[PDB]
Amino acid sequence: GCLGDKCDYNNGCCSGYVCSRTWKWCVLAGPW
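With the deposited numbering, letter number 19 in the sequence shown gets 19, and the count goes up by one each step, no holes.
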């Protein structure tokens, strides 16, 4: 789906995806 899109600060990932600092991309938000 949207997993794989690169981001930095205001890229705009899909709803539920966040910008990780490891590979700088939209990842699924995992609340613990």
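We put the CB at the ideal spot given by N, CA and C, even for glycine.
With a 10 Å radius around its C-beta and 16 neighbouring C-beta atoms as the bar for buried, classify residue i as buried or exposed.
{"i": "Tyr17", "result": "buried"}
{"i": "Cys13", "result": "buried"}
Please report the straight-line C-alpha distance between residue i and residue j, rounded to a whole angstrom.
{"i": "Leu28", "j": "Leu3", "result": "7 Å"}
{"i": "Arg21", "j": "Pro31", "result": "16 Å"}
{"i": "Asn10", "j": "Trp23", "result": "16 Å"}
My assumption, with CB atoms under 8 Å, is that residue i sits in contact with residue j. Please give the rounded CB distance.
{"i": "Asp5", "j": "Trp25", "result": "6 Å"}
For residue i, list the residues DSSP reports as bridge partners.
{"i": "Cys26", "result": "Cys19"}
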